[PDB]
Every structure is written in structure tokens, then in C-alpha cells.
Amino acid sequence: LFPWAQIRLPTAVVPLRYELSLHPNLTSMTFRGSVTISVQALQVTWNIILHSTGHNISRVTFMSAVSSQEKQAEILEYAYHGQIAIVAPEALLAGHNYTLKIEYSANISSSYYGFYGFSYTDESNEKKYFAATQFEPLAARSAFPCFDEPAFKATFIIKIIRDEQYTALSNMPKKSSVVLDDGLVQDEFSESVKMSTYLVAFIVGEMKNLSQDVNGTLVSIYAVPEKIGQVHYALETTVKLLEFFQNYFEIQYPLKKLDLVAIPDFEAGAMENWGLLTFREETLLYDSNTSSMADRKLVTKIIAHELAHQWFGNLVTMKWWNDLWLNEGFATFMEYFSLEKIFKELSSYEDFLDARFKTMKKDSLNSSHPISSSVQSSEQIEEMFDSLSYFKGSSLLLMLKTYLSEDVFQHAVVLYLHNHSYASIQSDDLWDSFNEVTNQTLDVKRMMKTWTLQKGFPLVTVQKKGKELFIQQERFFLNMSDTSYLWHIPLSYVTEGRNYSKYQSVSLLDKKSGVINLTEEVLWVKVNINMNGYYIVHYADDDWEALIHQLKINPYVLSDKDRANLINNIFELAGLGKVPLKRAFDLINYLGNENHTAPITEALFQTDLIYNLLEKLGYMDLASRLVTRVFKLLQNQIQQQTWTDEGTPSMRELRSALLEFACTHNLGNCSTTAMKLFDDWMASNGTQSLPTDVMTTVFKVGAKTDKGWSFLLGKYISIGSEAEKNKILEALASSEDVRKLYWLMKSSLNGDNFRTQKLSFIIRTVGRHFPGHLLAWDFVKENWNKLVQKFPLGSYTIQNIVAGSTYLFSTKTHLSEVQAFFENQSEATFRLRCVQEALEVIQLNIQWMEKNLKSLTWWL
Ligand SMILES: *[C@@H]1O[C@H](CO)[C@@H](O[C@@H]2O[C@H](CO)[C@@H](O)[C@H](O)[C@H]2NC(C)=O)[C@H](O)[C@H]1NC(C)=O
Ligand SMILES: *[C@@H]1O[C@H](CO)[C@@H](O[C@@H]2O[C@H](CO)[C@@H](O)[C@H](O)[C@H]2NC(C)=O)[C@H](O)[C@H]1NC(C)=O
Ligand SMILES: *[C@@H]1O[C@H](CO)[C@@H](O)[C@H](O)[C@H]1NC(C)=O
Ligand SMILES: *[C@@H]1O[C@H](CO)[C@@H](O)[C@H](O)[C@H]1NC(C)=O
Ligand SMILES: *[C@@H]1O[C@H](CO)[C@@H](O)[C@H](O)[C@H]1NC(C)=O
Ligand SMILES: *[C@@H]1O[C@H](CO)[C@@H](O)[C@H](O)[C@H]1NC(C)=O
Ligand SMILES: *[C@@H]1O[C@H](CO)[C@@H](O)[C@H](O)[C@H]1NC(C)=O
Ligand SMILES: *[C@@H]1O[C@H](CO)[C@@H](O)[C@H](O)[C@H]1NC(C)=O
Ligand SMILES: *[C@@H]1O[C@H](CO)[C@@H](O)[C@H](O)[C@H]1NC(C)=O
Ligand SMILES: *[C@@H]1O[C@H](CO)[C@@H](O)[C@H](O)[C@H]1NC(C)=O
Ligand SMILES: [Zn+2]
């Protein structure tokens with residue numbers, strides 16, 4: 001029986017370095033194992049308890065200091081926690097380095113987790129092989145026996161003997177390689193800096209490269225040869241972002257090398273590794289001419305994310321997974337924070353803003369879970385990998401860093417960085433580096449533990465009565481009894497009174513009610529500047545009709561982030577009931593004079609949730625009258641859009657937003673303009689450039705014709721550009737021919753012309769529009785069994801198939817059906833977070849109709 005009945009390893013033994021030698025042949029999917037672990041005892045144990053899985057071990061056994069002579073112990077194992085224990089020939093006395101050596105058999109993974117391998121086809125013919133690693137969170141132990149926790153850091157020599165052609169890559173630069181007798185090469189890499197078991201990485205496959213030397217460290221993007229041509233932007237961007245993390249962290253990237261790799265597969269594990277960043281082929285390949293704003297915006301942030309992860313996560317790692325949200329939260333913040341100081345032209349705050357919106361309305365559900373609390377098993381380690389925690393974390397740092405200065409934020413960041421580099425940490429340690437705020441401690445970061453420890457976010461009510469600012473707080477709950485919900489809240493607020501002179505100020509509300517005194521007597525006040533604070537603000541009734549009046553006068557007295565914030569808020573409140581729906585729509589009656597994208601898209605987002613909810617109920621006429629009045633507010637901006645790619649990113653994303661609003665709903669010249677552009681494009685065997693900005697729109701309109709449908713289907717199964725094939729798939733699923741809509745899903749499910757990864761994106765698209773709406777949900781239930789086979793229950797795709805099939809229902813008849821269907825298979829499924837959040841969204845719609853179907857009749 002085995003000497004350790006816990007899931008965490010013992011504090012008994014500690015690794016100091018790892019030495020690893022491996023023979024995978026990619027052709028037969030098998031490999032050599034050999035690990036030498038230079039450990040060290042800190043307390044007496046008869047065993048070394050450590051992690052190992054899937055290893056068929058031949059010979060293993062144990063040294064001391066003292067002797068280069070080695071002596072035979074035998075392994076005991078325990079597969080339930082992945083652990084193995086070596087029964088030591090003699091007592092590990094405290095303070096002594098011993099070294100441990102393991103030989104093993106193993107299989108190369110055929111999933112895409114751990115040490116995995118796959119095949120792909122060439123431009124010229126050919127069957128190529130390839131293998132890589134993906135060790136988060138607990139996968140390293142599958143490749144090689146080790147202390148697989150993030151606290152147990154160490155140093156690494158990895159050496160991999162690989163056939164002549166393949167380029168072997170790994171963390172540290174390749175020190176040496178030496179020809180072996182059969183035709184095989186032996187690659188050895190430098191010993192690694194101190195780093196965590198999960199960050200180890202190594203690649204075997206036929207690539208080329210493209211390099212540049214920022215200062216001392218040299219940056220290179222590795223891709224399969226085909227077109228290493230288009231890693232040119234990736235390369236140039238890693239470069240400026242590299243000496244953008246730079247100086248700001250005031251720490252220098254410790255490695256001599258930094259290599260990014262475009263792995264040639266769609267299920268590629270893309271991750272953080274030090275000196276060996278992975279990506280899916282798709283997310284890196286970019287082309288100045290044929291590729292849109294979306295895929296630059298996306299490739300720029302994807303780089304900027306895994307780059308800050310260098311400092312955050314690798315350099316300074318978690319004690320344990322209970323704090324993952326911190327790094328991924330911080331990285332996600334940097335991703336949006338670097339960009340708007342190097343690439344201020346992308347308007348990457350807009351992405352950010354909307355990202356925060358969608359964060360809050362799922363942080364407002366009751367399915368929500370506060371981001372920090374004890375983890376103890378691994379369904380609890382991978383439950384932490386939902387990007388809701390990441391984005392919320394991200395939101396907190398922007399709120400923390402605009403309350404404290406950006407400078408104050410920086411040094412406390414920098415001060416955080418220096419104090420425990422190469423070390424493991426817990427959450428509160430960052431809050432302490434901050435409490436070296438001020439000359440040294442003027443307020444505590446007990447503040448941040450109110451946000452971390454409680455689900456949801458405060459609703460801040462503001463009333464104002466001639467002197468004043470009466471500020472009160474409660475949890476934003478979506479209705480039908482606990483109150484130790486209290487937040488420490490930075491209250492940015494901006495006003496205007498006297499002379500058109502904008503006064504803005506900060507103040508931290510740390511009790512249930514409070515009050516701030518303004519200097520002048522204003523006509524309007526706005527709370528939460530640029531939505532810097534993660535919360536919703538509700539006003540008393542002629543404080544709301546102050547701002548709206550003010551928006552019809554001169555709205556540009558506010559930012560576009562503020563304006564977008566009111567539109568967000570006023571609509572979500574009128575959902576919760578705290579405002580009539582008709583004063584949301586009088587807020588956006590402003591929009592005749594709007595020119596910034598951020599508020600227009602957010603209003604268009606809102607109005608079209610309303611459009612679709614109505615449309616799925618029978619109330620089609622109400623729905624249609626709704627959009628045409630949005631259309632009329634935005635009528636000039638719509639026509640003045642040119643069907644082009646010309647302009648600032650912001651004004652391009654606006655252009656693409658306005659143009660397929662007007663087209664989705666057939667409003668004005670727009671559908672025709674588009675359908676000429678489609679015939680020209682289709683005339684030309686595809687051989688004509690569509691402005692990528694109007695490309696998804698042009699495709700939709702054409703997908704509405706059996707001629708057009710069948711063309712675009714040929715272009716899907718033929719053309720190479722995976723970017724444009726999702727704007728084609730989209731269209732194919734924006735048909736209203738039900739038989740096709742079914743056949744798309746039926747086929748994506750069977751992996752026929754569309755790989756099964758895309759079905760979740762198909763299903764969401766079919767069901768979102770009236771003709772497919774019931775068809776989607778029925779597909780989801782008619783093949784539920786085969787849906788659980790290829791997406792493991794609770795995974796982020798069975799996620800969406802239920803979210804995106806059902807989130808539009810609004811009748812208690814439907815509600816019953818959804819719940820009757822899910823309980824009717826399993827109760828273990830029936831109380832999945834995904835499933836009763838699915839159910840939770842549906843009554844919120846019923847509630848929404850119950851309060852706002854309304855009287856849509858007397859207006860609208
Ligand atoms: C995996 O096993 C195969 C088969 O033993 C090894 O194969 C050879 O591949 C080279 C080219 O890469 C050919 O020139 C040889 O003729 C092949 N030999 C045979 C017997 O098929 C392969 O090298 C092994 N992989 C590794 C990494 O050692
Ligand atoms: C990536 O390709 C580049 C060519 O664009 C290689 O660059 C030179 O590589 C040789 C080979 O070691 C060096 O001796 C030269 O010093 C490099 N050029 C300069 C200006 O320094 C690069 O080596 C390739 N990547 C790898 C890993 O070899
Ligand atoms: C691996 O395969 C089995 C154990 O599952 C055993 O018969 C065989 O000898 C093992 N190979 C080595 C090299 O230990
Ligand atoms: C080896 O052990 C000694 C004490 O036994 C310790 O002082 C030393 O640091 C260890 N070696 C390394 C490289 O740390
Ligand atoms: C690889 O998988 C086979 C089953 O397909 C198993 O018998 C074998 O033991 C595995 N290899 C190791 C090292 O466990
Ligand atoms: C290059 O050299 C060192 C990096 O170690 C740094 O002090 C210096 O500022 C760097 N300069 C630039 C332009 O990156
Ligand atoms: C170092 O960490 C300790 C926690 O023991 C903390 O109190 C201290 O403020 C940190 N110092 C810096 C400069 O971050
Ligand atoms: C607000 O004004 C009153 C005096 O009119 C003062 O007593 C109170 O402390 C002020 N509050 C703040 C937060 O400045
Ligand atoms: C948008 O608002 C008005 C134009 O109606 C103008 O004052 C303002 O500068 C415009 N901003 C941009 C970026 O065009
Ligand atoms: C259209 O182009 C494809 C290559 O992308 C080619 O295979 C096909 O035969 C062409 N069609 C015609 C009618 O020439
Ligand atoms: Zn990340």
C-alpha cells in the first residue's frame with residue numbers, strides 16, 4: 001500500500017534540478033524516457049512521493065551524495081493522484097541532495113494534451129509528422145515523472161535526439177548537437193533558469209524560421225515552410241512588444257532566446273511557455289492586404305497576451321491553482337494596456353470595453369462564482385479555466401490602477417516583480433506590494449479582497465439634491481436574503497457646471513451609504529469615468545433625465561467610453577426593471593449625432609437583443625418596428641458609409657457594424673449595394689477582392705440564393721484562407737432554407753465538409769435567426785449523445801451549444817421543455833453550471849417580457 005494519502009505532494013522532498021533525455025519517433029508515436037532529478041530533503045521520509053502517469057518503467061533507482069554509486073530501489077505507484085513513490089534503500093536525512101534517475105516506456109498522446117503528436121499534408125504532396133507539448137495544468141507528469149506542482153520550481157536540461165530533417169526546439173537555446181551512428185541527431189539544450197514543471201516545452205517538426213535581434217535576446221517565429229512568409233507581422237510585433245514589456249516591468253527578459261511557433265493544426269495547444277510560446281497556425285499568420293482589422297487586432301493581442309505572461313506567471317508563478325485568475329487576469333490586462341500605448345491606432349480599448357460589458361452581465365447571474373476560493377481537486381483545477389474569472393480579474397486591475405495613479409501602479413508592480421522573482425506566490429502578496437503605496441501605507445488592499453471574495457458586483461445608486469452626492473450600494477442581482485455584501489469602491493465622477501468647465505474627482509465609498517460634496521452646482525453629473533470601475537450606476541429619476549437632455553444638446557462633453565457606458569447601463573437596468581424601457585430608448589435618441597463606434601455598436605448590441613427576443617416570440621411586427629427606428633436615428637451615418645477598407649480601425653469597425661445592421665434588416669440601398677458586389681465577386685470564380693470589411697455582409701446577402709448558396713459552398717471546401725472561410729460558413733448558416741440549415745449541422749456533426757470544431761459555431765448561428773431557431777435546439781437534443789462524446793460534458797463547447805441554442809427562449813412553455821429534457825437524461829448533468837445557467841437565462845427573458853413586452857405596444 002502507498003505512503004501518502006493526500007493530493008498535494010509532501011513538503012518532505014524538493015527538486016533542485018531535472019535532467020531529461022527522450023526518443024520520440026513521430027512516425028510510430030512512441031518514445032525513450034530518461035529523467036535525472038537532483039532532489040533535496042527538508043524533512044525525514046522513507047519515500048520520495050512524486051507524480052507520474054502512463055509510464056511503463058523498466059529500471060529506476062537511487063543515489064545519495066557521497067558516491068557515484070547507485071543502488072536498486074523499486075517504485076510504488078498510485079494512479080488516482082498520478083503519484084508514484086520510490087521506496088528508498090536508505091533514510092533521506094534532512095539537508096541532503098540526493099539524485100534520482102528514472103527510465104521509462106511511453107506513448108505519445110493522440111489527443112492534444114501532454115506530449116502530443118499529429119500529421120498534416122504539404123503544399124507539394126506530403127505526409128508530415130509533428131509533436132509538441134501542453135503541460136497546463138497537470139500534464140507534465142504524463143510525459144516524464146516529476147514533482148508536478150507549480151511551487152516545486154527547478155532548472156532543466158532537456159535533450160532530444162531527433163531525425164536529421166526535423167527542427168527540435170525547446171525552452172533554452174540549443175547548446176549542442178552531435179550526430180549519432182544510425183542517422184539520428186542528438187540535440188541538447190542549455191540548463192533552464194528556475195521555472196515551474198508545467199512551463200517546460202519541446203517541439204519536433206519540419207519548420208523554417210524568421211529572426212531578429214532586439215538588443216540582446218533574439219526573437220524568431222517558427223512555422224511550417226509553406227509560408228513562413230507571413231509570420232512577418234508576428235515577428236515585427238513580438239519585437240516592439242518585447243521592449244515594451246521591457247522597461248515597464250523594469251526587468252529584462254532573462255533568456256538569450258525567445259521563439260514563437262505557428263503549429264500546423266487547429267487543435268494545437270497554444271500556451272505560455274518560457275522562450276517557447278505556442279500558437280495554433282491560424283492565430284499567427286497575418287497578411288497586410290487580404291486580412292481584416294479583426295484578425296490583426298486578434299493576432300496583436302494574442303502576442304501581447306502571451307508576452308506579458310513571461311513576467312506574470314513564469315517569472316513569478318502561483319503557489320497553487322487557486323490563484324490562476326491573477327496572472328491570466330493580469331496578462332489580459334496588459335494585453336489591453338500595452339496596445340493602447342504602442343498601437344493606440346487599433347482603438348483596442350473598445351474591444352476592452354465590450355469585453356467588460358459581457359463580463360458584468362454574466363457576472364450578474366447567480367451561476368456566478370466569486371473568483372478566489374479554495375481549490376482541492378482537479379475538476380476544481382480546470383473549473384478555474386473560465387475566461388470570466390480572467391476578464392473580471394482584468395477589470396479589477398484597471399479599476400485599481402486608475403484609482404491609484406498609473407505610476408503608483410507601475411512601481412508597485414515593479415516592486416512586486418523584484419521581491420519574488422523566480423518564486424511562487426499567493427494572491428494577497430500582490431496586494432502587499434501595493435500597500436507600499438503612498439510614502440508607505442495610506443490605505444489597505446483589504447479593498448481588493450471584497451471584490452475577489454464575493455460573487456457579482458455593486459449597483460451604485462446616485463441621487464442629487466443641491467449640494468450633495470448621495471452614494472449608495474447594493475449587489476446587482478437579477479430578481480425573484482443576504483447583505484454582508486459590501487464593496488470598497490473607487491468613485492470616479494465627472495461634472496460640468498459653471499462656464500462649461502469639466503470637474504472630475506475620485507473618492508472611495510467603503511460603507512453602505514456615503515456622500516461626496518461637489519464644489520459648484522451642476523446640471524449634470526456622471527459617475528464612474530470611462531467605466532474604470534467594475535460596477536453599474538443607477539440614478540434617481542431626474543438625474544437620469546439630466547444626462548439624456550445633455551446628450552441631445554452636446555454629447556461630446558463626455559467620452560465615447562462614458563457614452564457607451566450609459567447606453568450599456570440604462571438597458572441592462574431596464575431589464576432588471578429599475579427603469580422603464582422607454583427611457584432607455586429616449587437615451588439613445590441622442591444617437592442622431594453620434595460618430596464614435598463604441599457607443600453605436602453598444603446601442604446596436606442592445607437593440608438587437610431586444611429585436612431577437614421579440615422575433616422568437618411571435619411579435620414580429622413589434623420587432624421590425626423596433627429596428628426601423630434605430631435605423632432612423634443612425635440613417636445618415638449608415639448611408640455615408642463607403643464600401644471600402646479605408647480608414648482608422650475604429651471607423652472601419654464602425655463601418656462594418658453599421659453596414660450589416662442595415663443589411664440584416666433590409667434597410668435602404670444597402671442590400672442591393674451588397675448584392676451587386678456579390679455577383680461581381682461570384683462572376684469571377686472568386687477571383688476578385690472584396691473589401692474584407694464588407695466581406696461577411698456581402699457573403700450573407702448572397703447566401704440567400706440557391707445559386708449563391710451553392711457557389712459559396714464550393715469556395716468553402718476549396719480555398720485555403722481560414723479567415724475568410726468563417727465569413728463563408730457564417731453566411732452558409734445565415735440562410736433561411738431550413739433544409740440546408742439542417743444539413744449544415746448534420747454534416748459538421750459528422751465531420752464531413754466542416755470539421756466538428758465548427759459545429760458549435762454553426763449551431764449558434766442557425767438558431768439565432770427565426771427560420772433556424774427551433775431547428776437548432778432540436779438538433780441539439782436529437783444528437784445530444786454524440787454531442788457529449790466529442791465534447792466532454794462541462795467543456796467550453798457543450799457550453800455554447802446549450803447557451804447558444806436556448807438563450808433566446810422566453811416562454812414558460814419553453815422553460816419547462818428545456819428543464820424537462822435535461823433532467824430526463826441525468827441529474828448529474830441537470831445541475832451542471834452550464835445547464836442551470838442555461839435555465840437561469842430563460843426565466844430572465846420571461847421576466848424581461850413580463851416587465852417590458854409592456855407597452856411596447858403604445859410606443860414603438
Ligand atoms: C521511427 O521509426 C522509423 C522506422 O524504423 C525510423 O525510420 C526511417 O526514416 C528515415 C528518414 O527519416 C529513412 O531514411 C529510413 O529509411 C527509415 N527507416 C525505416 C526502417 O523505416 C525513424 O527514424 C524513427 N524515428 C526516429 C525519431 O528515430
Ligand atoms: C532563422 O533564419 C535566419 C535567417 O533569416 C538565420 O540567421 C542567421 O543564422 C545563422 C545560422 O546560425 C547565423 O550564423 C547568423 O549569425 C544569423 N544572421 C545574423 C545576421 O545574425 C537563423 O539562424 C535561423 N534560425 C536558426 C535557429 O538557425
Ligand atoms: C513495457 O510493456 C510491458 C508493460 O506493460 C512489458 O511487457 C514490457 O517489458 C515493457 N517494456 C520495457 C522496456 O520495460
Ligand atoms: C548540496 O547540498 C548542500 C548541503 O548538503 C547544499 O549546501 C548545496 O546548496 C546543495 N547543492 C546545490 C547546488 O544547491
Ligand atoms: C501505450 O498504450 C498501450 C495501449 O494502447 C498500453 O498497453 C501501453 O502500456 C502504453 N504505454 C505505456 C508506457 O504505458
Ligand atoms: C539594450 O541593452 C540593455 C539591455 O540589457 C539596456 O540597458 C538598454 O537600455 C537596451 N537598449 C535598447 C534600445 O533596448
Ligand atoms: C516582500 O514580501 C514581503 C512578504 O513577506 C512583503 O511584506 C514586502 O513588502 C515585499 N517587498 C517588496 C519590495 O515587494
Ligand atoms: C461634506 O460637507 C460637510 C459640510 O457641509 C462636511 O461636514 C462633510 O465632512 C463633507 N464630507 C466630505 C466627504 O467631504
Ligand atoms: C464627432 O462629433 C462631432 C461631429 O459631429 C465633432 O465635434 C467631433 O470632433 C467628431 N469626432 C470625430 C472623431 O470625428
Ligand atoms: C475556379 O478555381 C479553382 C481553384 O481555386 C479551380 O479548381 C476551378 O476549376 C476553377 N473553376 C473554373 C470554372 O475555372
Ligand atoms: Zn494567458
# chains A, B, ... in the order shown; residues from 1 in each chain; ligands from 1

$ residues_near_ligand --ligand "ligand 11" --cutoff "12 Å" --atoms "only C-alpha atoms and all ligand atoms" --output "JSON, numbers by chain"
{"A": [136, 270, 271, 272, 273, 277, 278, 279, 301, 302, 303, 304, 305, 306, 307, 308, 309, 310, 311, 312, 313, 314, 324, 325, 326, 327, 328, 329, 330, 331, 332, 333, 334, 335, 385, 386, 387, 389, 390, 391, 394]}

$ residues_near_ligand --ligand "ligand 8" --cutoff "10 Å" --atoms "only C-alpha atoms and all ligand atoms" --output "PyMOL selection string"
chain A and resi 467-469+507-509+514-518

$ write_last_selection --atoms "C-alpha atoms" --output "compact mmCIF listing (two decimals), in the first residue's frame"
# COMPACT_ATOMS: atom_id res chain seq x y z
CA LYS A 467 -25.08 70.44 -2.52
CA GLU A 468 -24.52 66.68 -2.29
CA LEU A 469 -23.68 63.45 -3.86
CA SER A 507 -13.48 59.12 -3.81
CA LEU A 508 -13.65 55.71 -2.16
CA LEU A 509 -17.01 54.68 -0.77
CA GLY A 514 -21.84 57.78 1.77
CA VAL A 515 -21.80 61.24 0.35
CA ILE A 516 -19.40 63.47 -1.58
CA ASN A 517 -19.57 67.23 -1.71
CA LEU A 518 -19.28 68.96 -5.06

$ residues_near_ligand --ligand "ligand 9" --cutoff "10 Å" --atoms "only C-alpha atoms and all ligand atoms" --output "list in words"
residues 554, 555, 556, 557, 560, 592, 593, 594, 595, 596, 597, 648, 650 and 651 of chain A

$ closest_residue --among "A:19, A:773, A:106, A:4" --to "ligand 5" --atoms "only C-alpha atoms and all ligand atoms"
A:106

$ residues_around --residues "residue 92 of chain A" --least-positions-apart "3" --cutoff "8 Å" --atoms "only C-alpha atoms" --output "PDB file with C-alpha atoms, in the first residue's frame"
ATOM      1  CA  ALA A  41      15.251  16.528   1.613  1.00  0.00           C
ATOM      2  CA  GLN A  43      12.387  16.502   6.446  1.00  0.00           C
ATOM      3  CA  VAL A  44      12.803  12.767   7.024  1.00  0.00           C
ATOM      4  CA  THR A  45      10.921  10.428   4.773  1.00  0.00           C
ATOM      5  CA  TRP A  46      11.401   6.788   3.734  1.00  0.00           C
ATOM      6  CA  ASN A  47       9.981   7.617   0.308  1.00  0.00           C
ATOM      7  CA  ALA A  88      14.380   4.285  -0.601  1.00  0.00           C
ATOM      8  CA  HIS A  96      20.991  16.350   1.760  1.00  0.00           C
TER       9      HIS A  96
END

$ decode --residues "segment 274-425 of chain A" --atoms "C-alpha atoms" --output "tab-separated table (two decimals), in the first residue's frame"
chain	number	residue	atom	x	y	z
A	274	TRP	CA	9.15	30.44	-21.38
A	275	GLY	CA	11.16	31.07	-24.51
A	276	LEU	CA	8.84	28.81	-26.48
A	277	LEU	CA	5.44	30.43	-26.99
A	278	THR	CA	2.97	28.13	-28.81
A	279	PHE	CA	0.09	29.09	-31.12
A	280	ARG	CA	-2.45	27.47	-33.43
A	281	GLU	CA	-1.31	28.05	-37.01
A	282	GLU	CA	-4.39	30.24	-37.61
A	283	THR	CA	-3.86	32.85	-34.93
A	284	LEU	CA	-0.36	33.91	-36.11
A	285	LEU	CA	-0.36	34.04	-39.91
A	286	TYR	CA	-1.14	37.63	-41.00
A	287	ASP	CA	-1.12	39.47	-44.41
A	288	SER	CA	-1.26	43.29	-44.77
A	289	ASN	CA	-3.50	43.16	-47.88
A	290	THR	CA	-6.01	40.32	-47.70
A	291	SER	CA	-6.60	40.21	-43.97
A	292	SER	CA	-9.05	42.37	-42.00
A	293	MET	CA	-8.88	44.54	-38.85
A	294	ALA	CA	-10.30	41.77	-36.80
A	295	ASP	CA	-7.50	39.32	-37.44
A	296	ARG	CA	-4.82	41.95	-36.81
A	297	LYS	CA	-6.49	43.06	-33.67
A	298	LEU	CA	-6.66	39.43	-32.78
A	299	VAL	CA	-3.10	38.50	-33.68
A	300	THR	CA	-1.71	41.60	-31.98
A	301	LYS	CA	-3.44	40.87	-28.66
A	302	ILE	CA	-2.69	37.19	-28.89
A	303	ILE	CA	1.02	38.05	-28.97
A	304	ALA	CA	0.71	40.80	-26.37
A	305	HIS	CA	-1.04	38.35	-24.02
A	306	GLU	CA	1.49	35.51	-24.02
A	307	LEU	CA	4.30	38.04	-23.85
A	308	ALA	CA	3.31	39.67	-20.53
A	309	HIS	CA	2.76	36.15	-19.36
A	310	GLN	CA	6.55	35.91	-19.40
A	311	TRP	CA	6.90	38.22	-16.35
A	312	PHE	CA	3.50	37.24	-14.98
A	313	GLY	CA	3.23	33.56	-14.43
A	314	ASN	CA	6.56	32.16	-15.34
A	315	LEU	CA	8.94	34.54	-13.62
A	316	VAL	CA	6.54	34.92	-10.71
A	317	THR	CA	4.39	31.73	-10.55
A	318	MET	CA	1.37	30.69	-8.31
A	319	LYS	CA	1.80	28.71	-5.11
A	320	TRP	CA	-1.20	26.70	-6.37
A	321	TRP	CA	-4.01	26.90	-8.92
A	322	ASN	CA	-6.32	28.81	-6.51
A	323	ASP	CA	-4.76	31.99	-7.87
A	324	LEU	CA	-4.56	31.26	-11.55
A	325	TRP	CA	-7.03	34.04	-12.16
A	326	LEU	CA	-4.33	36.51	-11.03
A	327	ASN	CA	-1.85	36.05	-13.84
A	328	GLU	CA	-4.32	35.29	-16.57
A	329	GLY	CA	-6.19	38.27	-15.23
A	330	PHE	CA	-3.08	40.43	-15.26
A	331	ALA	CA	-1.83	39.22	-18.62
A	332	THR	CA	-5.35	40.01	-20.03
A	333	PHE	CA	-4.97	43.49	-18.61
A	334	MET	CA	-1.53	44.02	-20.12
A	335	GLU	CA	-2.83	42.82	-23.41
A	336	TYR	CA	-5.18	45.77	-23.49
A	337	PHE	CA	-2.69	48.09	-21.73
A	338	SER	CA	0.38	47.68	-23.83
A	339	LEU	CA	-1.60	48.02	-27.04
A	340	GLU	CA	-3.07	51.44	-26.31
A	341	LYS	CA	0.39	52.98	-25.80
A	342	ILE	CA	2.23	51.39	-28.70
A	343	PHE	CA	-0.71	50.67	-31.01
A	344	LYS	CA	-3.08	53.46	-29.96
A	345	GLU	CA	-4.44	53.31	-33.52
A	346	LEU	CA	-6.20	49.95	-33.03
A	347	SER	CA	-8.63	51.51	-30.50
A	348	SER	CA	-8.08	48.33	-28.51
A	349	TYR	CA	-9.91	49.94	-25.60
A	350	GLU	CA	-13.17	49.32	-27.46
A	351	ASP	CA	-12.61	45.61	-27.53
A	352	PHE	CA	-11.82	46.00	-23.85
A	353	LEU	CA	-14.93	47.92	-23.07
A	354	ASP	CA	-17.25	45.48	-24.67
A	355	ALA	CA	-15.26	42.71	-23.08
A	356	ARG	CA	-16.11	44.24	-19.69
A	357	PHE	CA	-19.81	44.60	-20.54
A	358	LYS	CA	-20.17	40.93	-21.40
A	359	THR	CA	-18.23	40.15	-18.26
A	360	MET	CA	-20.64	42.00	-15.99
A	361	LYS	CA	-23.90	40.57	-17.40
A	362	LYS	CA	-22.62	37.09	-16.77
A	363	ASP	CA	-21.10	38.21	-13.53
A	364	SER	CA	-24.60	39.39	-12.65
A	365	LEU	CA	-26.13	35.92	-12.86
A	366	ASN	CA	-26.34	33.78	-9.75
A	367	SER	CA	-24.48	30.99	-11.55
A	368	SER	CA	-21.54	33.27	-10.99
A	369	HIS	CA	-18.89	32.27	-8.52
A	370	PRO	CA	-16.52	34.59	-6.72
A	371	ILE	CA	-13.07	34.37	-8.37
A	372	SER	CA	-10.99	33.43	-5.35
A	373	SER	CA	-11.67	30.44	-3.15
A	374	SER	CA	-10.06	27.11	-2.14
A	375	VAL	CA	-9.36	24.53	-4.84
A	376	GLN	CA	-8.72	20.90	-3.78
A	377	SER	CA	-9.31	18.58	-6.72
A	378	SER	CA	-8.73	18.90	-10.47
A	379	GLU	CA	-12.31	19.23	-11.72
A	380	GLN	CA	-11.71	22.21	-9.45
A	381	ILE	CA	-8.37	23.00	-11.14
A	382	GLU	CA	-9.83	23.11	-14.64
A	383	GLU	CA	-13.05	24.77	-13.40
A	384	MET	CA	-10.76	27.77	-12.79
A	385	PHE	CA	-10.00	27.98	-16.52
A	386	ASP	CA	-13.08	30.01	-17.48
A	387	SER	CA	-12.20	33.35	-19.06
A	388	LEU	CA	-14.84	35.01	-16.92
A	389	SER	CA	-12.53	34.98	-13.98
A	390	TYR	CA	-9.73	36.23	-16.20
A	391	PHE	CA	-11.72	39.15	-17.50
A	392	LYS	CA	-13.18	40.05	-14.19
A	393	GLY	CA	-9.63	39.97	-12.69
A	394	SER	CA	-8.59	42.17	-15.60
A	395	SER	CA	-11.40	44.58	-14.73
A	396	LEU	CA	-10.23	44.89	-11.15
A	397	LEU	CA	-6.67	45.90	-12.08
A	398	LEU	CA	-7.92	48.66	-14.41
A	399	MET	CA	-10.04	49.89	-11.53
A	400	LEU	CA	-7.15	49.51	-9.11
A	401	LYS	CA	-4.77	51.17	-11.44
A	402	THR	CA	-6.89	54.20	-12.23
A	403	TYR	CA	-7.70	54.79	-8.55
A	404	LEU	CA	-4.01	54.67	-7.59
A	405	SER	CA	-2.02	56.51	-10.27
A	406	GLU	CA	-0.60	54.68	-13.34
A	407	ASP	CA	2.89	55.46	-11.99
A	408	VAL	CA	1.99	54.30	-8.48
A	409	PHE	CA	0.58	51.28	-10.16
A	410	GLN	CA	3.77	50.71	-12.11
A	411	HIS	CA	6.32	50.75	-9.30
A	412	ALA	CA	4.14	48.63	-7.02
A	413	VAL	CA	4.01	46.34	-9.99
A	414	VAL	CA	7.76	46.64	-10.43
A	415	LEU	CA	8.25	46.37	-6.69
A	416	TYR	CA	6.09	43.27	-6.78
A	417	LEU	CA	8.18	41.84	-9.56
A	418	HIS	CA	11.57	42.24	-7.98
A	419	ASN	CA	10.72	40.97	-4.46
A	420	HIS	CA	9.75	37.36	-5.51
A	421	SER	CA	11.13	36.72	-8.97
A	422	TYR	CA	11.80	33.02	-9.65
A	423	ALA	CA	9.49	32.35	-6.73
A	424	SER	CA	5.97	31.00	-6.04
A	425	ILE	CA	3.32	33.31	-4.55
